[PDB]
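Starting off, we have a lone chain in the form deposited in one PDB entry, written out as structure tokens.
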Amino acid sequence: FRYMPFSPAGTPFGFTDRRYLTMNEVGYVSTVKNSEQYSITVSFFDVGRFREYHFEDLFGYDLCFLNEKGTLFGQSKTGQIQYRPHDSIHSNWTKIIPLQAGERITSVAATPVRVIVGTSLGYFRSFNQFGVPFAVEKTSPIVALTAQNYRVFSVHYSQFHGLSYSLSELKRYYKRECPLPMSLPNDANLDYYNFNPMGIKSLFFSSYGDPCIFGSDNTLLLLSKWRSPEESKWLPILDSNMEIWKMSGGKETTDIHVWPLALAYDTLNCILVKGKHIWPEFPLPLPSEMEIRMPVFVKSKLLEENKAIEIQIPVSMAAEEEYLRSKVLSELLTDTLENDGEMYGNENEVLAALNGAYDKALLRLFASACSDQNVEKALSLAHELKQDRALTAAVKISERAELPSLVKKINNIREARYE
């Protein structure tokens, strides 16, 4: 098995002389073949805060990581890394990572306080933002790295360890090489899978500090309850293939692809790649937005319904999605608030609006249940309502449906909830 140098949202050269070293919400880094050298260009999306620049690479950096404070570069074969702070007030530094025969740097990342290097032999080397060595650990061979502030999210693979992930903050490991439930891959894109065998398109922390990964199955995975070792769970919160299928009107397209950049609360910042290649090429299009959706849609049922004719989605199928999505986001946001506090200023209102949408979707499900003479299923749905005003609304729907026992029982719920 060959360990290849990984960087978030990086693209292959292909048949061109240029490619993207890395991409995210901050910007993107490109390198161009220039004879015996390379031409690196660091670009940003917010031109008001940052100033795009260029320089010549004499080493051939194939590793890169970009944040709001600086840019980190690495050469997987020689072991040379270089950190370049955005503000020239702070000076650049270059270091050489010790490598045994056959050992390659597989992934690098950087925070305002840490610089991290992982190798194919499972060496984990950390530094501060100035290049001072702080630790040298032995882990399962690292294949992917991301970091946000003090949190570090690593992915490991070996034929003797399997596919795992680790999550650490400043040292403390919430997760130590726990199994990672990401799907692995099974053509014009042959160049990509030689470039990224794992098929990890990108990985990152969300805007609220939750670990996310986006693999070859084009599904956004989010780790919930990562603060609770026994309550942790990976959530599929966006099947990008399905949503595109619904956008395109139910046709099997092979010209639209998603390239993940970041997750902002409920919206995936991405690049819509159009063509035969699944990876974006120069020039880079304008960043798009894709709202997350729980994988509760059935393609077959969607085909049955949409025979007469965007794909139209049934109220109950849509109510289930909105119910689950609100439930998921509510738990995450509540955890973030109770542990890390308000971060952007509107969380209490966002959470409030969230619990409202949670109840509306449930009532839609409650109505269909009553509309199907299903008494027991309706009562079960009633118990899942949060606000007392929602239980009140449930009674009104229950009265119109000629279900007296339901009305009593829902009122009995109000009796218990009063206490």
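In this text, rigid core is short for the largest set of C-alphas that superpose within 1.5 Å between two forms. Numbers for residues come from their place in the sequence shown, where the first is 1.
For 211-219 versus 127-135, the mean Cα distance to the shown form in 5 other deposited structures of this protein after rigid core alignment is larger for 127-135. Core superposition of the other structures onto this form places the C-alphas of 250-258 farther off in 5 other deposited structures of this protein than those of the other stretch among 104-112 and 250-258. A chain break between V136 and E137 is not present, all residues of the deposited sequence in that interval being modelled. In the deposited sequence, the stretch from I309 to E310 hides 10 or more residues that have no coordinates. Averaged over CA atoms, B-factors in the entry run higher in 384-392 than in the other of 384-392 and 56-64. Per the PDB record, of the two stretches 90-98 and 221-229, 90-98 carries the greater mean B-factor over its C-alpha atoms. Out of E320, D239, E331, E347, it is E347 whose C-alpha atom has the highest B-factor in the PDB entry. Sorting the modelled residues of the chain by their CA temperature factor places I278 in the middle third.
In the PDB entry, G79 places in the middle third of its chain by CA B-factor.
When the CA B factors of the chain's modelled residues are split into thirds, the value for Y193 lands in the middle one. Among all modelled residues in this chain, the alpha-carbon of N186 has a temperature factor (C-alpha) in the highest third. Sort the chain's modelled residues by C-alpha temperature factor and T254 lands in the highest third, per the entry.
Just so you know, the form deposited with a partner chain bound exists too; it's not on screen, but the next bit is about it.
Using a 4.5 Å cut-off to its partner chain in the deposited complex, each of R364, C370 and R400 places a heavy atom inside that distance. The stretch from 66-74, 387-395, 25-33, 51-59 that comes within 4.5 Å of its partner chain in the deposited complex, counting heavy atoms only, is 387-395.
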